[PDB]
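So this block is input17.cif, mmCIF, C-alpha atoms and all ligand atoms:
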```cif
data_start
#
loop_
_atom_site.label_atom_id
_atom_site.label_comp_id
_atom_site.auth_asym_id
_atom_site.auth_seq_id
_atom_site.Cartn_x
_atom_site.Cartn_y
_atom_site.Cartn_z
CA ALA A 9 59.39 180.51 320.65
CA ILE A 10 60.59 178.01 323.37
CA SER A 11 57.72 176.55 325.52
CA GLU A 12 58.16 177.28 329.30
CA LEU A 13 57.21 174.43 331.74
CA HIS A 14 55.87 174.99 335.33
CA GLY A 15 56.22 172.85 338.50
CA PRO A 16 54.78 173.70 341.97
CA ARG A 17 57.94 175.79 342.74
CA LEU A 18 60.02 175.84 339.48
CA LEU A 19 59.82 177.59 336.07
CA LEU A 20 61.74 175.62 333.35
CA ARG A 21 62.55 178.29 330.69
CA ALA A 22 64.88 179.31 327.81
CA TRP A 23 68.34 180.65 328.87
CA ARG A 24 68.98 184.46 329.08
CA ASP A 25 72.27 186.51 328.92
CA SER A 26 71.77 187.29 332.70
CA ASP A 27 72.01 183.49 333.50
CA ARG A 28 75.64 183.23 332.16
CA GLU A 29 77.22 184.98 335.25
CA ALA A 30 75.34 182.69 337.74
CA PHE A 31 76.04 179.52 335.63
CA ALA A 32 79.79 180.49 335.35
CA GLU A 33 79.94 180.59 339.23
CA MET A 34 78.37 177.06 339.34
CA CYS A 35 80.83 175.76 336.71
CA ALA A 36 83.75 177.24 338.72
CA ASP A 37 82.47 175.40 341.89
CA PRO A 38 84.56 172.25 342.68
CA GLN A 39 81.58 170.75 344.66
CA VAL A 40 79.24 171.21 341.59
CA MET A 41 81.93 169.86 339.16
CA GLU A 42 83.38 167.12 341.49
CA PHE A 43 82.39 164.14 339.22
CA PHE A 44 83.30 166.01 335.95
CA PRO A 45 86.87 166.03 334.48
CA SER A 46 87.51 169.67 335.65
CA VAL A 47 85.93 173.03 336.70
CA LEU A 48 85.20 175.36 333.69
CA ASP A 49 86.39 178.99 333.19
CA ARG A 50 83.92 181.69 331.89
CA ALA A 51 84.87 180.90 328.21
CA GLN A 52 84.11 177.13 328.71
CA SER A 53 80.88 177.90 330.71
CA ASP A 54 79.62 180.25 327.91
CA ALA A 55 80.48 177.53 325.27
CA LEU A 56 78.21 175.00 327.11
CA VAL A 57 75.37 177.65 327.19
CA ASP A 58 75.91 178.17 323.38
CA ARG A 59 75.41 174.37 322.79
CA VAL A 60 72.24 174.48 325.02
CA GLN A 61 70.81 177.43 322.94
CA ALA A 62 71.72 175.55 319.67
CA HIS A 63 69.87 172.40 320.96
CA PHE A 64 66.73 174.52 321.79
CA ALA A 65 66.93 176.29 318.35
CA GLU A 66 67.17 172.88 316.52
CA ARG A 67 64.81 170.64 318.62
CA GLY A 68 62.45 173.06 320.52
CA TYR A 69 63.56 171.46 323.86
CA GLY A 70 66.82 171.17 325.85
CA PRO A 71 68.33 171.46 329.36
CA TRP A 72 65.89 174.22 330.61
CA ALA A 73 67.25 177.02 332.87
CA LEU A 74 65.65 176.63 336.38
CA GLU A 75 63.95 179.80 337.77
CA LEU A 76 62.37 179.71 341.29
CA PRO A 77 59.65 182.44 341.25
CA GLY A 78 59.55 184.25 344.65
CA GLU A 79 63.19 183.26 345.41
CA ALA A 80 65.83 183.22 342.59
CA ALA A 81 66.16 183.98 338.81
CA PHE A 82 68.59 181.04 338.12
CA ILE A 83 69.50 177.97 340.28
CA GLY A 84 70.94 175.80 337.41
CA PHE A 85 69.43 173.57 334.66
CA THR A 86 67.43 170.31 334.23
CA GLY A 87 66.12 168.88 330.90
CA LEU A 88 66.54 166.74 327.76
CA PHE A 89 69.53 166.30 325.38
CA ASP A 90 69.45 164.07 322.24
CA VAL A 91 72.09 161.25 322.44
CA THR A 92 73.90 161.11 319.02
CA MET A 93 77.40 159.85 320.12
CA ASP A 94 78.65 156.27 319.34
CA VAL A 95 77.13 154.33 322.33
CA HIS A 96 75.03 151.08 322.40
CA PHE A 97 71.85 152.99 323.56
CA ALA A 98 72.01 155.71 320.79
CA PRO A 99 69.97 157.12 319.25
CA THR A 100 67.79 158.31 322.22
CA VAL A 101 67.13 161.34 324.53
CA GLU A 102 68.98 161.75 327.89
CA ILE A 103 67.90 163.77 331.00
CA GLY A 104 70.60 165.77 332.92
CA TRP A 105 70.64 168.19 335.91
CA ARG A 106 73.04 170.71 337.57
CA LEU A 107 71.94 172.77 340.66
CA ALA A 108 73.74 175.48 342.70
CA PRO A 109 74.70 173.73 346.00
CA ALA A 110 72.55 176.26 348.00
CA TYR A 111 69.41 174.52 346.49
CA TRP A 112 70.54 170.87 347.18
CA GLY A 113 68.37 168.77 349.57
CA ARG A 114 65.02 170.48 348.67
CA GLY A 115 63.67 168.00 346.02
CA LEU A 116 64.17 170.79 343.39
CA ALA A 117 66.16 168.52 340.98
CA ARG A 118 63.44 165.84 341.59
CA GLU A 119 60.64 168.39 340.75
CA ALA A 120 62.55 169.79 337.69
CA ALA A 121 63.09 166.18 336.38
CA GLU A 122 59.38 165.21 336.93
CA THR A 123 58.40 168.40 334.93
CA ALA A 124 60.93 167.53 332.13
CA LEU A 125 59.87 163.81 331.95
CA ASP A 126 56.11 164.76 331.96
CA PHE A 127 57.00 166.92 328.86
CA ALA A 128 59.13 164.07 327.35
CA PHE A 129 56.28 161.47 327.59
CA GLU A 130 53.02 163.56 327.43
CA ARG A 131 54.08 166.33 324.93
CA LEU A 132 56.99 164.87 322.82
CA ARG A 133 55.59 161.27 323.22
CA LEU A 134 59.20 159.85 323.44
CA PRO A 135 59.35 156.02 323.79
CA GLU A 136 62.23 156.25 326.38
CA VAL A 137 64.51 158.72 328.25
CA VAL A 138 67.97 157.63 329.59
CA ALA A 139 70.44 159.13 332.10
CA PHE A 140 74.11 158.17 332.78
CA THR A 141 76.76 159.16 335.37
CA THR A 142 79.87 157.67 337.14
CA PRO A 143 79.50 155.21 340.07
CA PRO A 144 80.89 157.71 342.67
CA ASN A 145 78.23 160.37 341.71
CA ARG A 146 75.62 158.86 344.13
CA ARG A 147 73.54 162.13 344.40
CA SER A 148 73.02 161.84 340.57
CA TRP A 149 72.17 158.08 340.20
CA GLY A 150 70.26 158.32 343.54
CA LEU A 151 67.93 160.86 341.82
CA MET A 152 67.69 158.59 338.69
CA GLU A 153 66.38 155.57 340.74
CA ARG A 154 64.09 157.82 342.92
CA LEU A 155 62.48 159.11 339.63
CA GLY A 156 61.70 155.39 338.89
CA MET A 157 64.45 154.98 336.21
CA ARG A 158 66.16 151.51 336.41
CA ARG A 159 69.81 150.38 335.78
CA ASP A 160 71.05 147.12 334.19
CA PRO A 161 74.73 146.85 335.34
CA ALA A 162 75.37 144.75 332.14
CA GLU A 163 74.84 148.08 330.22
CA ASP A 164 77.86 149.77 331.97
CA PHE A 165 79.85 151.51 329.15
CA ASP A 166 83.10 153.45 328.45
CA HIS A 167 82.26 157.06 327.33
CA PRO A 168 83.29 157.40 323.64
CA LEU A 169 84.26 161.15 324.04
CA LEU A 170 86.90 160.31 326.74
CA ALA A 171 90.34 158.58 326.36
CA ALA A 172 90.34 154.71 326.40
CA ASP A 173 92.47 154.85 329.65
CA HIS A 174 90.61 157.88 331.23
CA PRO A 175 89.97 157.25 334.99
CA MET A 176 86.35 158.65 334.73
CA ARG A 177 85.52 156.67 331.50
CA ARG A 178 83.25 154.00 333.14
CA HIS A 179 79.56 155.17 333.16
CA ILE A 180 76.33 153.44 334.39
CA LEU A 181 73.05 153.68 332.38
CA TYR A 182 69.50 154.30 333.75
CA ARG A 183 66.39 153.98 331.50
CA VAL A 184 62.68 154.85 331.93
CA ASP A 185 60.11 154.16 329.14
CA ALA A 186 56.62 155.73 328.64
CA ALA A 187 54.89 152.66 330.23
CA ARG A 188 57.07 152.71 333.42
CA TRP A 189 56.69 156.55 333.76
CA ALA A 190 52.84 156.35 333.34
CA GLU A 191 52.69 153.44 335.89
CA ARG A 192 54.48 155.29 338.79
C1 LIG B 201 72.67 165.66 341.24
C2 LIG B 201 71.94 166.81 341.96
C3 LIG B 201 71.11 167.60 340.93
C4 LIG B 201 71.00 166.21 343.00
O1 LIG B 201 70.30 167.27 343.70
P1 LIG B 201 69.52 166.92 345.06
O2 LIG B 201 69.00 168.19 345.65
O3 LIG B 201 70.40 166.05 345.90
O4 LIG B 201 68.30 166.04 344.50
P2 LIG B 201 66.74 165.95 344.83
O5 LIG B 201 66.04 167.07 344.15
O6 LIG B 201 66.28 164.55 344.56
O7 LIG B 201 66.74 166.20 346.41
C5 LIG B 201 66.83 165.02 347.25
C6 LIG B 201 67.15 165.44 348.66
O8 LIG B 201 66.15 166.37 349.14
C7 LIG B 201 65.20 165.70 349.92
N1 LIG B 201 63.89 165.91 349.30
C8 LIG B 201 63.34 165.29 348.19
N2 LIG B 201 62.14 165.75 347.90
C9 LIG B 201 61.90 166.73 348.86
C10 LIG B 201 60.81 167.59 349.09
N3 LIG B 201 59.71 167.62 348.35
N4 LIG B 201 60.91 168.45 350.14
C11 LIG B 201 62.02 168.43 350.89
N5 LIG B 201 63.10 167.67 350.76
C12 LIG B 201 62.97 166.83 349.71
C13 LIG B 201 65.64 164.24 350.02
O9 LIG B 201 65.41 163.74 351.32
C14 LIG B 201 67.13 164.31 349.68
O10 LIG B 201 67.94 164.64 350.81
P3 LIG B 201 69.36 163.85 350.85
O11 LIG B 201 69.97 163.91 349.47
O12 LIG B 201 70.22 164.56 351.88
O13 LIG B 201 69.03 162.43 351.27
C15 LIG B 201 72.96 167.75 342.63
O14 LIG B 201 73.63 167.06 343.67
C16 LIG B 201 73.99 168.33 341.66
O15 LIG B 201 73.69 169.30 340.98
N6 LIG B 201 75.18 167.75 341.62
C17 LIG B 201 76.32 168.30 340.90
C18 LIG B 201 76.15 168.24 339.39
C19 LIG B 201 76.08 166.82 338.87
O16 LIG B 201 76.93 165.99 339.19
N7 LIG B 201 75.06 166.52 338.06
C20 LIG B 201 74.83 165.19 337.51
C21 LIG B 201 75.82 164.84 336.43
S1 LIG B 201 75.63 163.13 335.85
#
```
Write-out of the structure in structure tokens:
Amino acid sequence: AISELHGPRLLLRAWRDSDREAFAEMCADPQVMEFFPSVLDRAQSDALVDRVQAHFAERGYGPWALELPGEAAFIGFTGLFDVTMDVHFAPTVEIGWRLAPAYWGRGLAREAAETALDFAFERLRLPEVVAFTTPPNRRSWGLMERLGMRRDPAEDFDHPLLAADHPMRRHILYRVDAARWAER
């Protein structure tokens, strides 16, 4: 019984079998996956969706599927994922987002994130939500700072689930706490 969340334009909902085709197309898109190690095949796409469903089943929240009523059934995901890996800022909850390029430049990731963080702070009453990306992924960390999240460059970290010499290992960390979120 996953709780659906509404924004002006977006419905943040549980994933459905019919989303897997659309999400597979996104995951096969080199523009969507530019700042990730590689594009995913259908098998790898479906495996990510399985982890999302598992997260929802365990925690009652997760990276929500993004529906746009009056327009499109599925445009990607935005939502929360518990951080359990061996990093300095664990344990905590992260926020992440992936949109079909057709829906870029419309403030839809912004709106989805505002809906997710409202849930995070008003409903779950989390003390903090984090987000991390690579320096070249400016669309991603641009959104983080526009949402009012803030980065300390001293908190730059090597991702523990990548090789020690991996060229995409260096990540930057953004944080927003309940006070900062309530204040903006
Ligand atoms: C990261 C990502 C979600 C950002 O999406 P986005 O559409 O650029 O983000 P926003 O929702 O903040 O939209 C901002 C843009 O829309 C505009 N905008 C913002 N609010 C708006 C509104 N209410 N109405 C109209 N336009 C609006 C802004 O001017 C901006 O345009 P610009 O980027 O050309 O300057 C998207 O690029 C993506 O999915 N990237 C690939 C996957 C990825 O790397 N994810 C992150 C992994 S760490």
Measuring between all atoms listed in the file, which one of A:82, A:44, A:23, A:112 shows the shortest distance to ligand LIG 201 (chain B)?
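Ranking A:82, A:44, A:23, A:112 by distance to ligand LIG 201 (chain B), first place goes to A:112.
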Could the residues that lie within 7 Å of ligand LIG 201 (chain B), counting all atoms listed in the file, be listed as number ranges by chain?
A: 39-43, 104-109, 111-119, 140-141, 145, 147-148, 151
Interatomic distance between atom CA of residue 75 of chain A and atom CA of residue 56 of chain A?
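Distance reported for this atom pair: 18.4 Å.
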I'd like the interatomic distance between atom CA of residue 167 of chain A and atom CA of residue 36 of chain A, to a tenth of an Å.
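Taking atom CA of residue 167 of chain A as the start and atom CA of residue 36 of chain A as the end point, the length is 23.2 Å.
Contact shell of residue 139 of chain A at 9 Å (all atoms listed in the file; same-chain neighbours under 4 positions omitted): residues 101, 102, 103, 104, 149, 152, 157, 180, 181, 182, 183 and 184 of chain A.
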Select, from A:32, A:22, A:81, A:76, the residue with the minimum atom-to-atom distance to residue 62 of chain A, counting only C-alpha atoms.
A:22
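Separating atom CA of residue 136 of chain A from atom CA of residue 83 of chain A is a distance of 26.8 Å.
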Contact residues around segment 84-90 of chain A with all atoms listed in the file at 9 Å, ignoring same-chain residues under 5 positions, as number ranges by chain:
A: 20, 27, 30-31, 34, 60, 63, 67, 69-75, 98-108, 117, 120-121, 123-125, 128, 137
Give me the residues within 6 Å of residue 48 of chain A as an mmCIF file with C-alpha atoms, in the frame of the given file, counting all atoms listed in the file and dropping any in the same chain fewer than 3 places off.
```cif
data_model
loop_
_atom_site.group_PDB
_atom_site.id
_atom_site.type_symbol
_atom_site.label_atom_id
_atom_site.label_comp_id
_atom_site.auth_asym_id
_atom_site.auth_seq_id
_atom_site.Cartn_x
_atom_site.Cartn_y
_atom_site.Cartn_z
ATOM 1 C CA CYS A 35 80.830 175.760 336.710
ATOM 2 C CA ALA A 36 83.750 177.240 338.720
ATOM 3 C CA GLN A 52 84.110 177.130 328.710
ATOM 4 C CA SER A 53 80.880 177.900 330.710
#
```
Build an axis-aligned box that encloses every atom of segment 38-41 of chain A listed in the file, pad it by 4 Å on each side, and report its centre and edge lengths in Å to one decimal, as JSON.
```
{"center_x": 81.9, "center_y": 171.1, "center_z": 341.9, "size_x": 13.3, "size_y": 10.4, "size_z": 13.5}
```
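Using all atoms listed in the file, the smallest distance between any of A:24, A:14, A:179, A:174 and residue 57 of chain A comes from A:24.
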Using all atoms listed in the file: which of A:18, A:176, A:190, A:155 has the shortest distance to residue 79 of chain A:
A:18
So which residues are close to (54.0, 152.7, 331.6), meaning at most 12 Å away in the file's coordinates with all atoms listed in the file counted, and can you show them as an NGL selection string?
:A and (129-130 or 135-136 or 156-157 or 184-192)
With distances taken over all atoms listed in the file, the candidate from A:54, A:126, A:162, A:65 nearest residue 15 of chain A is A:126
